[PDB]
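Reading through the structure tokens given below for one structure.
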Amino acid sequence: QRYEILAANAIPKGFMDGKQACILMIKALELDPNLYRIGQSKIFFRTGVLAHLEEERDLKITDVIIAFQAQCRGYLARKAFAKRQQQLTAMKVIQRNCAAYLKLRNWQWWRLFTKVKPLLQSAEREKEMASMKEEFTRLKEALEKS
Amino acid sequence: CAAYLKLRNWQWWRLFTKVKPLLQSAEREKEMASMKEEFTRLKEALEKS
Amino acid sequence: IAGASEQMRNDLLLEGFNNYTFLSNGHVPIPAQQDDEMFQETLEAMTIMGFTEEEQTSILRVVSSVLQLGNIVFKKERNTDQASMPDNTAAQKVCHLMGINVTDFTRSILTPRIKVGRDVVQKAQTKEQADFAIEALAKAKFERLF
Amino acid sequence: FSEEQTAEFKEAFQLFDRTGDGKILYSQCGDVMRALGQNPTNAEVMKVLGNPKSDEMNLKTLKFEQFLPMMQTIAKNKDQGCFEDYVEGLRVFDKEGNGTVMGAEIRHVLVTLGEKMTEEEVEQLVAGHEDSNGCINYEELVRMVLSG
Amino acid sequence: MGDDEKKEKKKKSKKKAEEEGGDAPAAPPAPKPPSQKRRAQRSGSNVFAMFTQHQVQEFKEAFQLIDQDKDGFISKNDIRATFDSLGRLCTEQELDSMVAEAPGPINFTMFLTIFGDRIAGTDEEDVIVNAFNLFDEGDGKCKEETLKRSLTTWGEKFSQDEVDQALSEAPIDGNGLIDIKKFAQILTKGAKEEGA
Amino acid sequence: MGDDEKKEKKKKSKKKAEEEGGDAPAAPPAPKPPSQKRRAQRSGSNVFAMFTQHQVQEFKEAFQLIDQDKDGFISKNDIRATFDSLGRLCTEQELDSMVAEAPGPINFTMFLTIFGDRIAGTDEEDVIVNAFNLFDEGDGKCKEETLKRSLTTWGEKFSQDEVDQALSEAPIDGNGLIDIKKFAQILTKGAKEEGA
Amino acid sequence: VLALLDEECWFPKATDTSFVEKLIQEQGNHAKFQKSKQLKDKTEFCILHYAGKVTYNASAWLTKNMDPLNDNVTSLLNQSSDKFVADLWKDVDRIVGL
């Protein structure tokens, strides 16, 4: 349940006994009769063989188990691409900034919102109100099943 | 205490209620004070579980 | 906007100071001239070589037609790219005051119904093509109407 | 591809730049492609990139009519799997034969085989699809990988 | 017409942006075509709702020491007054750059969109902070020498004069210019000192 | 040129404070080379709740409550019949003086001109909790013997009369004048009417 | 200038920017042509005309070269009814028959 697809050609038809199908995948990358050993659960290998055929099984599973790992990478990159999806025109904005840097630390609407901004209630709050009602119920449900 | 006995008495200090809670900017806060306490009481207990 | 008596401020369809698509920089004033009074002087000139009062309630809605030849422009259509006509009343002002027809205009001014071979070269024009043959006719309104 | 989806691709290109001139690093090719309805193996991409090692893989640049042809030159595709292929290909940790899969081992294959996943990549695909003993129902782990 | 809405906003828009291309001269600035009010809408913009109960009334909580028109405003004639008395500035060149946050009545119902325009107006966080936070890699920062290499060798090349002034100034903080803060010096949550 | 901006800086006055209160200053800025006016900032707007959120709301909007004849100023007859419309009337003399807390035309701005500027009076309620909350030795209360003995004997002294008035009002329970409530009893969202 | 701009007027990949980039691209070294005073950013070009030199600025020029005289309109204008037009559009020759 690993070497499987070294022989994508040998195995078809849904599901297949474990043990046996392993001989089918193993033969398809030479894996010489004297060098691998089958018990119930464990496989055993001689010096030199296991491992260059595990390595070369990375080379020959390619076909589906590389195309397995591929689907994974897919599924993940969807979520994880981030880092360079950005800088372009903002880097050119650094240049807007820089031609004006002489006049940058030199800025109009800087700090006058936030020192008397611990002392106040009514905050984000209308954005909150609707979505606070939604938040109230949800927070209950999630605590419950934990 | 002496201000209750004496200083409850000018013309430009004791004007706070009657028709002055009719100017609003306190409604949903009354709820979102009590709900605010429940809001952390809901957040915290969840996260910590 | 300046010589705007309340009554025709309603009748001649006047949005107010700054509440305009493209009277940019709000009201910029002018040195030694006062837009207020200048309304009357430039209302006076059209009479000499001879424009009637139908033509001049129309040249009053040629303020609405140069405000709306700030608006007969196929504002670059961000999504499809081939841009289209914002206002019917504006085209309505325009083609009647160019002696043709208002529907027949805008049709063509979006879709050139031309004809090479079999192929009735019916298609959209781009903003550049269509808001050119309709800037080339918002301002061949401003040009072939000059 | 239609101009519509290609415009979305034009953006998924445009975003990912370096010096500000229509230039995407080789590295980013497959990942952008992956989001664009594709799962192209590193081996598949490496073919259509011309076998860089890590150095010029990190250093060499794409541009849009190198990227968009690449996208296409994998996208119209050969073998790409379905449920039946992937239940066998994910019965792939059955330990006895059990209809449920090996917890450490699903992590290990992902480190040990072809397209060596980091620890990070391994854990994310697997986590919380096992039970108390760490048996994963693959019959479902399959559909999870195959749609999402 | 609706140019009336735009005369009240050739007053108030003009609040963005008609003379903005100041020392870097005479740009293609904000347009008179009405749809383009929503290109003036760029990122970094939050505007709280009308009967706010209060993130908008916090502007009353400072109101006193700012205003012009007190039935309750700050007009053209009040950033073409107030910023010269409150936050920054303007040459006829940079005139309605900053005065383009009021060429027309900041009513309380516009104080709304001036601390709105505070957390909005000039290329705010999504632009400024991210100018370098996107060159950056992660929970990071950008290298000093590499940023010198930029400023001179990348794009419209700048002078020695320009580098030296922006060198003694650059918040070099561990071999690396603290870019997020070189921009967001202008922002966070602990000051009520300038602009307003 | 570089000047037309500076022409405009004078309409601030024409509807805020100055048309009563040159007292509350127009502050001269704008030195012609317009690089200069970046020195004119009001740096540091913080203390305890200056606009307190259940008070100064109401005051200003009680211009729309206290302007009865709806002129735009506040007459002697405004404060009066508007207090009569609630209840407890001042005599015309008491009113006259309460108007003469400003030089004459107490309009929308002069009203708030004296309203905000007066930052001083009584102590804050949280200080007033500290009043007896700092005397307690644990989390507990205050033994009544100690509040009686103190008010008469210690420092500034009351008369018997002064204590007994305070004593029928004083919420004694368990031989302990649980102080936290009496503090709220004296000064919460307190009574109307007495000013403006 | 005009010819590059006719082509550029009919063009999507073409920005008033790439108009001046195409002008530097095609002309450059010509003993009657000159680039901007470094203002590529504003996108402008200084040229020797018979009576010497000028700077033009290119922002929103592309459209200003386009007038694709639509014959559909020109012909409705050619056959127009009212006191205004039938006279001034009988110059039907130039118009876009292809």
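Residues in the structure tokens are named by chain (A, B, ... in the order shown) and by number from 1 within that chain; ligands are numbered from 1 in the order shown.
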
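Chain copies chain E and chain F align, over all their C-alpha atoms in order, to a least-squares RMSD of 11.9 Å.
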
Would you write out, as a tab-separated table, a table of all residues in chain A that have an atom no more than 12 Å from an atom of chain B, listing for each the closest atom pair and the distance in Å to one decimal, considering only C-alpha atoms and ordering rows by chain and rising residue number?
residue	atom	partner	partner_atom	distance
A:120	CA	B:29	CA	11.4
A:121	CA	B:29	CA	7.8
A:122	CA	B:29	CA	6.9
A:123	CA	B:29	CA	10.1
A:124	CA	B:29	CA	11.9
A:125	CA	B:32	CA	8.9
A:126	CA	B:28	CA	9.3
A:128	CA	B:32	CA	9.5
A:129	CA	B:28	CA	7.7
A:130	CA	B:28	CA	10.8
A:132	CA	B:32	CA	8.8
A:133	CA	B:35	CA	9.3
A:134	CA	B:39	CA	11.5
A:135	CA	B:39	CA	8.4
A:136	CA	B:39	CA	6.8
A:137	CA	B:42	CA	9.5
A:138	CA	B:42	CA	9.3
A:139	CA	B:42	CA	5.7
A:140	CA	B:42	CA	6.4
A:141	CA	B:46	CA	9.4
A:142	CA	B:46	CA	6.7
A:143	CA	B:46	CA	4.5
A:144	CA	B:46	CA	8.2
A:145	CA	B:46	CA	9.5
A:146	CA	B:49	CA	6.2

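Secondary structure from DSSP on the backbone puts strand (DSSP E or B) at the following positions of chain F: residues 73, 107, 143, 172, 173, 176 and 177 of chain F.
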
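Every protein or nucleic acid residue with an atom no more than 12 Å from residue 28 (chain A), counting only C-alpha atoms and leaving out same-chain residues fewer than 6 positions away, appears here: residues 3, 4, 5, 6, 7, 8, 9, 10, 11, 21, 22, 53, 56, 57, 60 and 61 of chain A.
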
Dump C-alpha atoms for the selected residues as a PDB file, in the first residue's frame?
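Generated output (selection-v6.pdb):
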ATOM      1  CA  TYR A   3       4.517   0.404  -4.104  1.00  0.00           C
ATOM      2  CA  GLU A   4       1.029   0.054  -5.665  1.00  0.00           C
ATOM      3  CA  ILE A   5       1.393   1.935  -8.805  1.00  0.00           C
ATOM      4  CA  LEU A   6       4.893   0.960  -9.962  1.00  0.00           C
ATOM      5  CA  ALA A   7       2.495  -1.154 -11.924  1.00  0.00           C
ATOM      6  CA  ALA A   8      -0.498   1.110 -12.669  1.00  0.00           C
ATOM      7  CA  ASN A   9      -0.781  -1.310 -15.545  1.00  0.00           C
ATOM      8  CA  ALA A  10      -0.867  -4.525 -13.513  1.00  0.00           C
ATOM      9  CA  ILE A  11      -3.517  -3.704 -10.898  1.00  0.00           C
ATOM     10  CA  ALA A  21      -0.941  -6.997  -5.523  1.00  0.00           C
ATOM     11  CA  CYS A  22       2.360  -6.117  -3.898  1.00  0.00           C
ATOM     12  CA  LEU A  53      14.428   0.384  -5.191  1.00  0.00           C
ATOM     13  CA  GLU A  56      13.946   4.185  -7.718  1.00  0.00           C
ATOM     14  CA  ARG A  57      10.355   3.428  -6.641  1.00  0.00           C
ATOM     15  CA  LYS A  60       8.827   4.675 -10.805  1.00  0.00           C
ATOM     16  CA  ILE A  61       5.921   5.973  -8.621  1.00  0.00           C
TER      17      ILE A  61
END

Dump as a Markdown table the rows for residues of chain E within 8 Å of chain A: closest atom pair and distance in Å with one decimal, only C-alpha atoms counted, ordered by chain and rising residue number.
| residue | atom | partner | partner_atom | distance |
| --- | --- | --- | --- | --- |
| E:23 | CA | A:100 | CA | 7.5 |
| E:24 | CA | A:100 | CA | 7.0 |
| E:48 | CA | A:126 | CA | 7.6 |
| E:49 | CA | A:126 | CA | 6.9 |
| E:52 | CA | A:126 | CA | 6.7 |
| E:53 | CA | A:122 | CA | 6.0 |
| E:54 | CA | A:122 | CA | 4.6 |
| E:55 | CA | A:123 | CA | 5.0 |
| E:58 | CA | A:120 | CA | 7.8 |
| E:83 | CA | A:108 | CA | 7.6 |
| E:87 | CA | A:108 | CA | 4.6 |
| E:88 | CA | A:108 | CA | 4.0 |
| E:89 | CA | A:108 | CA | 6.8 |
| E:98 | CA | A:108 | CA | 7.1 |
| E:115 | CA | A:113 | CA | 7.6 |
| E:118 | CA | A:109 | CA | 5.6 |
| E:127 | CA | A:90 | CA | 6.2 |
| E:128 | CA | A:90 | CA | 7.7 |
| E:130 | CA | A:90 | CA | 6.8 |
| E:131 | CA | A:90 | CA | 4.3 |
| E:132 | CA | A:91 | CA | 6.7 |
| E:134 | CA | A:87 | CA | 4.7 |
| E:135 | CA | A:87 | CA | 5.7 |
| E:137 | CA | A:83 | CA | 6.5 |
| E:138 | CA | A:83 | CA | 7.5 |
| E:151 | CA | A:98 | CA | 7.5 |
| E:155 | CA | A:95 | CA | 7.6 |
| E:156 | CA | A:95 | CA | 7.4 |
| E:158 | CA | A:99 | CA | 7.6 |
| E:162 | CA | A:102 | CA | 7.4 |
| E:165 | CA | A:102 | CA | 7.2 |
| E:166 | CA | A:101 | CA | 6.9 |
| E:185 | CA | A:110 | CA | 7.5 |
| E:186 | CA | A:110 | CA | 4.2 |
| E:187 | CA | A:110 | CA | 5.8 |
| E:188 | CA | A:114 | CA | 7.3 |
| E:189 | CA | A:114 | CA | 4.7 |
| E:190 | CA | A:115 | CA | 4.6 |
| E:191 | CA | A:115 | CA | 4.3 |
| E:192 | CA | A:112 | CA | 3.6 |
| E:193 | CA | A:112 | CA | 4.8 |
| E:194 | CA | A:112 | CA | 4.8 |
| E:195 | CA | A:109 | CA | 3.7 |
| E:196 | CA | A:112 | CA | 5.1 |

Which chain A residues are at most 6 Å from chain D (counting only C-alpha atoms), as a PDB file with C-alpha atoms, in the first residue's frame?
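Written output follows (result03.pdb):
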ATOM      1  CA  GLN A   1       0.000   0.000   0.000  1.00  0.00           C
ATOM      2  CA  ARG A   2       2.850   2.270  -1.210  1.00  0.00           C
ATOM      3  CA  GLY A  14     -11.316  -1.348  -7.833  1.00  0.00           C
ATOM      4  CA  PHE A  15      -9.742  -3.109  -4.883  1.00  0.00           C
ATOM      5  CA  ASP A  58      10.215   7.263  -6.170  1.00  0.00           C
ATOM      6  CA  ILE A  66       3.666  11.197  -7.345  1.00  0.00           C
ATOM      7  CA  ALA A  70       0.552  16.209  -6.573  1.00  0.00           C
ATOM      8  CA  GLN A  71      -3.126  16.361  -5.652  1.00  0.00           C
ATOM      9  CA  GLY A  74      -2.611  21.174  -5.330  1.00  0.00           C
ATOM     10  CA  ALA A  77      -1.235  25.520  -2.724  1.00  0.00           C
ATOM     11  CA  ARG A  78      -4.827  26.685  -3.238  1.00  0.00           C
ATOM     12  CA  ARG A  84       4.644  37.101  -3.860  1.00  0.00           C
ATOM     13  CA  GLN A  85       0.936  37.780  -4.787  1.00  0.00           C
ATOM     14  CA  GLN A  86       1.485  41.471  -4.313  1.00  0.00           C
ATOM     15  CA  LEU A  88       4.335  45.190  -8.027  1.00  0.00           C
TER      16      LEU A  88
END

Point to revise | Polymer residues at most 12 Å from residue 14 (chain G), only C-alpha atoms, same-chain spacing of 6 or more positions, as a list in words | key: residues 128 of chain C; 4, 5, 6, 7, 8, 20, 21, 22, 60, 61, 62 and 63 of chain G
